[PDB]
Amino acid sequence: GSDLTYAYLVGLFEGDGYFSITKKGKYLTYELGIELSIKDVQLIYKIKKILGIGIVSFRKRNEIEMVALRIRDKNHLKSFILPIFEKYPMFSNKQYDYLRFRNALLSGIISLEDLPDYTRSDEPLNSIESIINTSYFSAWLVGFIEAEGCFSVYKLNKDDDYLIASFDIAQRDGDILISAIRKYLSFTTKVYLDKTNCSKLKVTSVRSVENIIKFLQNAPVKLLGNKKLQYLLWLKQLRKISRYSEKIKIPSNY
DNA sequence: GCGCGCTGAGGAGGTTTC
DNA sequence: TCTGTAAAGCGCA
DNA sequence: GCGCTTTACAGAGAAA
DNA sequence: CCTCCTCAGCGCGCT
Ligand SMILES: [Mg+2]
Ligand SMILES: [Mg+2]
């Protein structure tokens, strides 16, 4: 990878991965994993390549196929993973998972009984300005998008053929995170908090759309998975929708 | 040559955030 | 994540 | 006062 | 995203 394609990785992991210290009979299993739709087998192997470690597995949970990259080897974790996340730390209230994980690990905790009682605080760690001002952000956001962003098109009413074309992204307990992104890309839609503590950001404007495209075209790194394809197909329909077409530039990649 | 302490690949059950 | 629905804003004819 | 455009709000599940 | 369990199996210190 690049100095920065790793920042891309914590991005992806923050949004779709997970740190976990689980019960393994008498002992513990330390791991980092991402489980994605089989639609990203190809991406899973690009991650293994970048990181250089990790076990890949497949399963059906019967009609949905899925791929997973899983790193449980503690030496490899200490030797390759911590370092990444130390250098390019996550931003959301998730770092609590990594800090907790890290500590238990470095402490040499190997039994369930000496493993601290842990529960993620919903309490944020940063606030807009700090996220937005960290160097690697631009890259991180690319992966975070790879992971949780959504490109889509839908008619506004059943009957008539008036398309909308939106880009959205949400996160539980992440008002500060979601808002910060919102600021960064200059959206002005109102971030919506749902039934859960899930902050949803969504845009439809000709100017908003114009903006992700530009952020992406000028982001340090690149989307390389299914989301990349989702975006390219989006791009495409964006040409058959006039209001957008006579209003922005677009396709070669990302 | 074996029993012990501990480990991770392999395999899979159970919730819920996107 | 992905796709809406019901309901506005904004000219302008 | 009607065409075109954005927006607040939010419900299923597949993909986490 | 999150969690648990089985089982070769590896290095040790003994019988
Ligand atoms: Mg996530
Ligand atoms: Mg994803």
Side-chain angles (χ1 to χ4, degrees), chain A residues 12-40 43-44 53-77 92-94 97 101 105 108-112 115 118-120 144-174 177-178 187-209 225-227 230-231 233-234 241-244 246-247:
Chain A
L12 175 47
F13 271 97
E14 190 169 349
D16 272 343
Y18 56 83
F19 275 89
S20 177
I21 312 181
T22 64
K23 189 180 176 305
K24 185 201 115 314
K26 233 192 171 222
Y27 310 86
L28 316 167
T29 286
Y30 282 77
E31 97 178 53
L32 168 56
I34 353 160
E35 218 206 318
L36 312 170
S37 186
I38 191 70
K39 285 187 185 183
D40 252 331
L43 170 52
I44 279 295
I53 53 177
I55 302 289
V56 174
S57 36
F58 300 81
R59 61 213 246 80
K60 220 149 183 172
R61 307 281 277 179
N62 285 334
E63 270 323 317
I64 303 88
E65 278 133 349
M66 309 272 304
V67 221
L69 173 55
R70 297 203 285 159
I71 320 174
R72 295 151 141 168
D73 176 291
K74 297 199 265 188
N75 293 322
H76 289 195
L77 282 150
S92 73
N93 71 315
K94 270 246 190 165
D97 283 27
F101 183 85
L105 183 72
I109 304 181
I110 72 310
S111 195
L112 175 60
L115 184 65
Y118 171 74
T119 114
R120 269 211 297 262
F144 190 69
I145 284 173
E146 173 85 66
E148 326 232 73
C150 170
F151 299 100
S152 158
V153 175
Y154 59 85
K155 39 194 167 42
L156 177 31
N157 300 332
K158 286 203 182 61
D159 37 316
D160 144 59
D161 56 10
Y162 190 69
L163 309 178
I164 294 256
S166 60
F167 157 76
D168 55 281
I169 193 160
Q171 195 78 188
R172 176 119 182 295
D173 282 355
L177 184 65
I178 286 306
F187 299 142
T188 43
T189 263
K190 178 201 186 188
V191 174
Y192 164 79
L193 254 188
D194 74 355
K195 214 116 298 296
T196 328
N197 218 345
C198 195
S199 306
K200 301 179 176 283
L201 179 46
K202 177 189 209 291
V203 282
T204 282
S205 90
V206 177
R207 206 208 129 160
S208 297
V209 171
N226 184 79
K227 197 60 58 188
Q230 279 210 181
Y231 178 39
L233 306 191
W234 195 58
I241 301 164
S242 49
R243 69 165 181 265
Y244 296 98
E246 17 198 75
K247 218 36 126 173

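Here is how names work: the chains are called A, B, and so on, in the same order as the sequence lines, proteins then strands, and each is numbered from 1.
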Watson-Crick/G-U partner (both atom distances under 3.5 Å) of E:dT15: none
Round to a whole Å and report the spacing from CG of A:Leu69 to P of B:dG10. 12 Å
Can a donor-acceptor pair be found, under 3.5 Å and without considering hydrogens, that links the side chain of A:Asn226 to the backbone of A:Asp40? no
Could you check whether A:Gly17 gets within reach of a base, just the sugar-phosphate, or nothing at all, counting any heavy atom under 4.0 Å? sugar-phosphate
Compare the minimum distances between each of C:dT3, E:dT3, B:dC18 and the side chain of A:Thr22, then state the nucleotide with the smallest one. E:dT3
Rounded distance (Å) that lies between atom P of B:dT16 and atom CZ of A:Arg172: 9 Å
Base C:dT1 to side chain A:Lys200, donor-acceptor N/O within 3.5 Å cut-off: yes
Hey, does the side chain of A:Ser57 come within less than 4.0 Å of B:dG10's phosphate (OP1/OP2), counting only N and O? no
Would you mind checking if A:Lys155 and A:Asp160 are paired as a salt bridge, meaning a charged N to carboxylate O distance below 4.0 Å? no
Flag if over 12 foreign heavy atoms under 6.0 Å of NZ, A:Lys39: no
Please determine whether a side-chain nitrogen or oxygen atom of A:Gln171 lies at a distance below 4.0 Å from atom OP1 or OP2 of B:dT17. no
Distance-only donor-acceptor test (3.5 Å): side chain A:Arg70, base B:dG8: no
Does any donor-acceptor pair link the side chain of A:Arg61 with the base of B:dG13 at a separation under 3.5 Å? yes
On a heavy-atom basis, the closest approach of A:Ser92 and A:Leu177 is CB-CD2, 3.8 Å
Assign A:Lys24 to base, sugar-phosphate, or nothing according to its heavy-atom contacts below 4.0 angstrom with the strands shown. base
Indicate, with a heavy-atom threshold strictly under 4.0 Å, whether A:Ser166 touches base, sugar-phosphate, or nothing. base
Is A:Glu35 side chain donor-acceptor paired with the E:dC1 base, going by distance under 3.5 Å alone? yes
Salt bridge or not for A:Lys94 and A:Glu14, using N-O below 4.0 Å? no
Given B:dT7, E:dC1, B:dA9, which nucleotide is nearest the side-chain atoms of A:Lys94? E:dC1
What range of DNA chain D does chain A touch, first nucleotide to last, counting atoms under 4.0 Å from its heavy atoms? D:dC4 to D:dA16
Name the nucleic acid region contacted by A:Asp194, choosing base, sugar-phosphate or nothing; use a 4.0 angstrom heavy-atom cut-off, strictly under. nothing
Residues A:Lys202 and A:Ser166: side-chain donor-acceptor under 3.5 angstrom: yes
Can you measure A:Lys26 atom NZ to B:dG5 atom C1' for me and round it to whole angstrom units? 7 Å
Report the distance from atom CG of A:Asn75 to atom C1' of B:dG8, rounded to the nearest whole Å. 11 Å
Separation of A:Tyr27 atom OH from B:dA9 atom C1', in whole Å? 18 Å
Could you say whether A:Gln230 or A:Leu156 is positioned toward the 5' end of DNA chain C, judged by the nucleotide with the nearest heavy atom to each? A:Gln230
Once you round it to whole Å, what is the distance between P of E:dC2 and CE of A:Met66? 13 Å
Heavy atoms only, 4.0 Å cut-off, all strands: where does A:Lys155 land among base, sugar-phosphate and nothing? sugar-phosphate
Whole-Å distance, A:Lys39 NZ to C:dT1 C1', equals 11 Å
With a 4.0 Å cut-off on heavy atoms, is A:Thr204 in touch with a base, just the backbone sugar-phosphate, or nothing at all? base
Which heavy atom in A:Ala165 sits nearest to a heavy atom in A:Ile241, and how many Å separate them? CB-CD1, 4.1 Å
Same-atom distance (P) from C:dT3 to D:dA16, integer angstrom: 14 Å
Describe, in one word, how the ring planes of A:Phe101 and A:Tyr30 are oriented to each other, choosing from parallel (under 30°), tilted (30 to 60°) and perpendicular (over 60°). perpendicular
Take atom CZ of A:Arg120 and atom P of E:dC1, then tell me their distance rounded to the nearest Å. 6 Å
Just checking A:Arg207: base, sugar-phosphate only, or nothing, at a heavy-atom cut-off of under 4.0 Å? nothing
Mind checking if A:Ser20 touches a base, just sugar-phosphate, or nothing, with heavy atoms under 4.0 Å? base
Give one of base, sugar-phosphate or nothing for A:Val203, where a contact means two heavy atoms less than 4.0 Å apart. nothing
Euclidean distance, A:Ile145 CD1 relative to A:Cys150 SG, rounded to 0.5 Å: 11.5 Å
Nearest-nucleotide check on DNA chain C, A:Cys198 vs A:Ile164; residue mapping nearer the 5' end is A:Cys198
Are OP1 or OP2 of C:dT3 and a side-chain N or O of A:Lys202 less than 4.0 angstrom apart? no
Of the nucleotides E:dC2, C:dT1, C:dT5, which has the atom closest to the A:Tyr154 side chain? C:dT5
Report yes if a donor N or O on one partner sits less than 3.5 Å from an acceptor N or O on the other, where the partners are the side chain of A:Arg72 and the base of B:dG10; otherwise report no. yes
Closest approach of A:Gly174 and A:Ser199, non-hydrogen atoms and distance? C-OG, 3.6 Å
Upstream residue (5' side of DNA chain D) when A:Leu163 and A:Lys195 are each assigned their closest nucleotide: A:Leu163
